[PDB]
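No hydrogens, no waters, no symmetry mates; every other heavy atom, side chains included, goes into these values. Proteins come first, then strands; the chains are lettered A, B, ... in the order of their sequence lines, and each starts at number 1.
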Amino acid sequence: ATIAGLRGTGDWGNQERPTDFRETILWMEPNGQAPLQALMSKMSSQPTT
Amino acid sequence: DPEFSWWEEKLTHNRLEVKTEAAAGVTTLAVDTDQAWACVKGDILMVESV
Amino acid sequence: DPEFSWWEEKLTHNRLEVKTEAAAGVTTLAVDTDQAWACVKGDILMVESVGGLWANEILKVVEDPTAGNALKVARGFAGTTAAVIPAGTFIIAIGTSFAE
Amino acid sequence: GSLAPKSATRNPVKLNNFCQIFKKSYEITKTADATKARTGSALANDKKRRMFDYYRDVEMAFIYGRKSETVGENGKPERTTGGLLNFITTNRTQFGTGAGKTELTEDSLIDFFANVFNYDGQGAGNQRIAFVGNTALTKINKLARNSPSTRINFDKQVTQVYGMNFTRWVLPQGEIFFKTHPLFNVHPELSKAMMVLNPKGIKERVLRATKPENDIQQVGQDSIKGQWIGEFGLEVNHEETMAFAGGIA
Amino acid sequence: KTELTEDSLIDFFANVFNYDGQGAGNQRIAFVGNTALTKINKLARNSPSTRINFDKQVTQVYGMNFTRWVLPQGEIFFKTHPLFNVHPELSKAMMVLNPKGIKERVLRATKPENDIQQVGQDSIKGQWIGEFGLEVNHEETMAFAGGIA
Amino acid sequence: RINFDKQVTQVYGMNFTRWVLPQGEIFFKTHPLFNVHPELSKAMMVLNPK
């Protein structure tokens, strides 16, 4: 309501003004020539009893 | 808005840094703050070397 | 006519040179002749150094110059650290800032 | 036959930047507007110069700006945006001779480039674009040419052409492309700068686009005045994929 | 520690070809970090007899990127491990392997499991569970190195 | 380097008129009035015809 002088972006009350958000998460992932489970990929598999 | 923001997260190793020297027979380790929350019962850890 | 003339002009940076030693906290600087006429209130200036990586002090002009070799600035602008400006240091303009 | 383990979790990190206001104006008396000059219309000539200055200032601000917020002389907030150098903190080095400066060799340059390829991030790939001055590009070409294992081969006679100009550097991790920045070439010290980056990680956030504004002279004054005004800022995503270099290359 | 030169690298590589093993052959697979691969390329390029030949002008491309090393007894193929790249100290490590000599023994495969929360508890819980093992046949046909840098 | 396969044959020397540098290139031509003068022969003027 009453604020000394003209209104600015710092003049709203609590929580009246939200800022701008990018509503997601940017993921950083390891980079390489081989797959992530590189040693797992090369092997063959045999069952055990 | 005159202010904008964004979030980022990184998938990487789980590392902890010791803070005080520990003898060979002490079972409690001091680490940097909030790092101990990452581990739970049953985890296997190994000492790093150059 | 036996005589002929033509005109040329170039567009470049707005670069200034300090002439006197300026300690930190001194808000008035001395430049070369007529070099202060090219800056007005609201200009952002940076202290130069060799190569790139200009992470140096930033100045702001806070008052329109009245002489061609004097400038009134605010030191440590934008959270930088005020530091001693040597005798022959150059200064370059990197933009403009204004309040709402 | 044990039970299930306990759980644990973590949270992301947050980043910020501000918007900045840019203004540039021009003024001329009404008498001078009517006068005829050999060079041409004085009003039209001035606007060209002021546009050049405005664009140059915007570019410099997005390269070397620093983030801050304060209270202006009228009690209202004053904000400045931060450039690439502000966001690039992991990968930045100063080449040269002296304390705190790394000596520039081929191996040092190779080591400098290797760090930007550790994390894939998003859309980064394995290529980068670098902006350099003429001095830096010449130094890089000389480094390639003066290498002990590099030769230039003629058949039976020197003929046709001689010299050097290459713009592509190949590394085991990735690849770099070079272009020259016109604003870097003019300045002596700025010609020794190199800016490697991936375009997918940088965007321009604009609150008010650039706009002309007219008739701002004092009321009752015999003159013409104009202006350009805009408010906008910079966003950089994955700084680990970018680097900034100083010194002769 | 052993000082690293081209001759030291060749001597390290040569020791895995003395025995034929389980039909291993004359080829091996190497998993490295970025730092080790860069050092290997630098060692190859700095040899006194190596030459890079432009015709009349240094004009198009410069640099180095190769992944095969030939020995009088065999050859090695390189490939960078994503996990080694991230860690500062793991990036200077090398693994020489014979893929036909390493197998994974599985008792129970990985399976999602749901509804692990306590009865009458107002939450959701899930987990992953498995049981695996590793078998390596001829350990003298393989090698491990660290701190190549 | 100037290369011969197994033996020098059929030609030798040097004649080229283009210099290439990262910024641009230079083309060389000989001025007849410069050639016939001793001191003027060691002169080079690079110019933009337009």
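- Neither side chain, D:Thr81 nor D:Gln20, offers a donor N or O lying under 3.5 Å from an acceptor on the other.
- Remark: D:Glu73 pairs with no residue by the salt bridge (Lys or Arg N to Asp or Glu O under 4.0 Å) rule, at least two apart or across chains.
- Contact detail for C:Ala70 and C:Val31: the closest heavy-atom pair is N-CG2, 4.3 Å.
- Between atom SG of residue C:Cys39 and atom NZ of residue C:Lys60 there is a gap of 13.5 Å, rounded to the nearest 0.5 Å.
- A donor-acceptor pair is defined here as one N or O able to donate and one able to accept, closer than 3.5 Å; no such pair exists between the side chain of C:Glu48 and the backbone of C:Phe90.
- Using modelled atom types, one finds a donor on one side chain and an acceptor on the other under 3.5 Å when comparing D:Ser68 with D:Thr80.
- Note that NZ of D:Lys76 is 13.0 Å distant from OG1 of D:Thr70, once rounded to the nearest 0.5 Å.
- With a 4.5 Å cut-off on side-chain heavy atoms, D:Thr135 and D:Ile248 count as touching.
- No donor-acceptor distance shorter than 3.5 angstrom exists from the side chain of D:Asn86 to the backbone of D:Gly83, with no hydrogens or angles considered.
- Contact annotation: the side chain of D:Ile129 approaches that of D:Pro199 to within less than 4.5 Å [non-hydrogen atoms, C-beta and beyond].
- For D:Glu239, the side-chain hydrogen bond (donor to acceptor under 3.5 Å, both in side chains) criterion is met by D:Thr90, not counting sequence neighbours.
- Contact of the E:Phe54 side chain with the D:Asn153 side chain is not registered, since no non-hydrogen atoms from C-beta on lie closer than 4.5 Å.
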Enumerate, atom names and distances included, each donor-acceptor pair closer than 3.5 Å involving a side-chain atom of residues 78-85 of chain C, sequence neighbours excluded.
from: C:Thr80; atom 1: OG1; to: C:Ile58; atom 2: N; distance (Å): 3.3
from: C:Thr80; atom 1: OG1; to: C:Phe77; atom 2: O; distance (Å): 2.8

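- Side chain of D:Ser147 to backbone of D:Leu143: no donor-acceptor contact under 3.5 angstrom is found.
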After noting the C-alpha distance and the side-chain angles of D:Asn16 and B:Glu3, does the key distance pass the side-chain contact (heavy atoms from CB on, under 4.5 Å) rule? CA-CA 7 Å; D:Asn16 264 348; B:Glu3 180 173 19; 3.0 Å; yes
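- Partners of C:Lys19 under the salt bridge (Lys or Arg N to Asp or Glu O under 4.0 Å) rule, at least two apart in sequence or in another chain, are C:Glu17, C:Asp32.
- With a 4.5 Å cut-off on side-chain heavy atoms, D:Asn165 and E:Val58 do not count as touching.
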Candidate pair C:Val62 and C:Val73, rule side-chain contact (heavy atoms from CB on, under 4.5 Å), full reasoning: CA-CA 6 Å; C:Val62 288; C:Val73 292; 5.6 Å; no
Check your understanding: Yes or no on side-chain hydrogen bond (donor to acceptor under 3.5 Å, both in side chains) for D:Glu235 and D:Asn17, after CA distance, side-chain angles and deciding distance?
Key -> CA-CA 7 Å; D:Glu235 170 188 6; D:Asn17 211 4; over 6 Å; no
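- With hydrogens and angles ignored, the 3.5 Å screen pairs no side-chain donor or acceptor of C:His13 with any backbone N or O of C:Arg15.
- In C:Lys41, the NZ atom is not crowded: 12 or fewer heavy atoms of neighbouring residues, nucleotides or ligands sit closer than 6.0 Å.
- Take A:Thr9 and apply the side-chain hydrogen bond (donor to acceptor under 3.5 Å, both in side chains) test, not counting sequence neighbours, and it matches C:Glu100, D:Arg79.
- Geometrically, D:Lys24 does not engage D:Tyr54 in a cation-pi contact, judged by NZ or CZ lying under 6.0 Å from the ring centre and within 45° of the ring axis.
- D:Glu78 and C:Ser97 are linked by a side-chain donor-acceptor pair at a separation below 3.5 angstrom, with hydrogens and angles left out of the test.
- Listed by chain and number, the residues in a side-chain hydrogen bond (donor to acceptor under 3.5 Å, both in side chains) with E:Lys56 amount to none (sequence neighbours excluded).
- In this structure, D:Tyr26 OH and D:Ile224 CD1 are separated by 9.5 Å, a value rounded to the nearest 0.5 Å.
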Could you list the donor-acceptor pairs under 3.5 angstrom formed between side-chain atoms of residues 19-28 of chain F and any protein atom two or more places apart in sequence or on another chain?
from: F:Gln23; atom 1: NE2; to: D:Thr138; atom 2: OG1; distance (Å): 3.3
from: F:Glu25; atom 1: OE1; to: F:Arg18; atom 2: NH2; distance (Å): 3.4

Could you list the donor-acceptor pairs under 3.5 angstrom formed by side chains in residues 36-50 of chain F, with sequence neighbours left out?
from: F:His37; atom 1: ND1; to: F:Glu39; atom 2: N; distance (Å): 3.1
from: F:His37; atom 1: ND1; to: F:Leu40; atom 2: N; distance (Å): 3.2

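- Remark: D:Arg56 pairs with D:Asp53 by the salt bridge (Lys or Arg N to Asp or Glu O under 4.0 Å) rule, at least two apart or across chains.
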Please tabulate, one pair per line, all N/O donor-acceptor pairs under 3.5 Å involving side-chain atoms of residues 206-222 of chain D, not counting sequence neighbours.
from: D:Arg208; atom 1: NE; to: D:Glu231; atom 2: OE1; distance (Å): 3.2
from: D:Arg208; atom 1: NH2; to: D:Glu231; atom 2: OE1; distance (Å): 2.9

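- With hydrogens and angles ignored, the 3.5 Å screen pairs no side-chain donor or acceptor of D:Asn198 with any backbone N or O of D:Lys200.
- More than 12 non-hydrogen atoms from other residues, nucleotides or ligands lie less than 6.0 angstrom from NZ of D:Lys101.
- Taking the centre of each ring, D:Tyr55 and D:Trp228 stay at or above the 6.0 Å mark.
- The distance from the CG atom of C:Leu45 to the CD1 atom of C:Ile94 is 8.0 Å, given to the nearest 0.5 Å.
- Under the 4.5 Å side-chain criterion, counting only non-hydrogen atoms from C-beta, D:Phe87 is not in contact with D:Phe244.
- E:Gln57 has its side chain out of reach of E:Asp55: every pair of non-hydrogen atoms, C-beta onward, lies at least 4.5 Å apart.
- A distance-only check finds a donor-acceptor pair linking the side chain of C:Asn56 to the backbone of C:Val47 [under 3.5 Å].
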Going through the checks in order, is the side-chain contact (heavy atoms from CB on, under 4.5 Å) test met by D:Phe117 and D:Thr241? CA-CA 6 Å; D:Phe117 287 110; D:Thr241 59; over 6 Å; no
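- In this structure C:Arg75 satisfies the salt bridge (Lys or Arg N to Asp or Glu O under 4.0 Å) test together with C:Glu57, sequence neighbours excluded.
- Taking a cutoff of 4.0 Å between a charged side-chain nitrogen and a carboxylate oxygen, D:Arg205 and A:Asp20 qualify as a salt bridge.
- Under 3.5 Å, the side chains of C:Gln35 and C:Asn69 contain no donor-acceptor pair of N or O atoms.
- Side-chain contact between D:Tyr64 and D:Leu84 is absent, with no heavy atoms from C-beta onward closer than 4.5 Å.
- For the pair D:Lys139 (side chain) and D:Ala249 (backbone), a donor-acceptor distance under 3.5 Å is absent.
- More than 12 non-hydrogen atoms from other residues, nucleotides or ligands lie less than 6.0 angstrom from CD of D:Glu103.
- D:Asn185 places a side-chain N or O within donor-acceptor distance of the main-chain N or O of D:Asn134, the cut-off being under 3.5 Å.
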Passes side-chain contact (heavy atoms from CB on, under 4.5 Å), F:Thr17 versus D:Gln160? Steps please.
CA-CA 6 Å; F:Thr17 55; D:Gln160 291 178 22; over 6 Å; no
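- A 4.5 Å side-chain heavy-atom check between D:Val236 and D:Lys203 finds every atom pair outside the cut-off.
- Atom CG of residue D:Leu109 and atom CZ of residue D:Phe112 lie 8.0 Å apart, to the nearest 0.5 angstrom.
- A search for side-chain hydrogen bond (donor to acceptor under 3.5 Å, both in side chains) contacts involving D:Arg151 returns nothing, not counting sequence neighbours.
- The CG atom of C:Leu16 lies 11.0 Å from the CG atom of C:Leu59; values are rounded to the nearest 0.5 Å.
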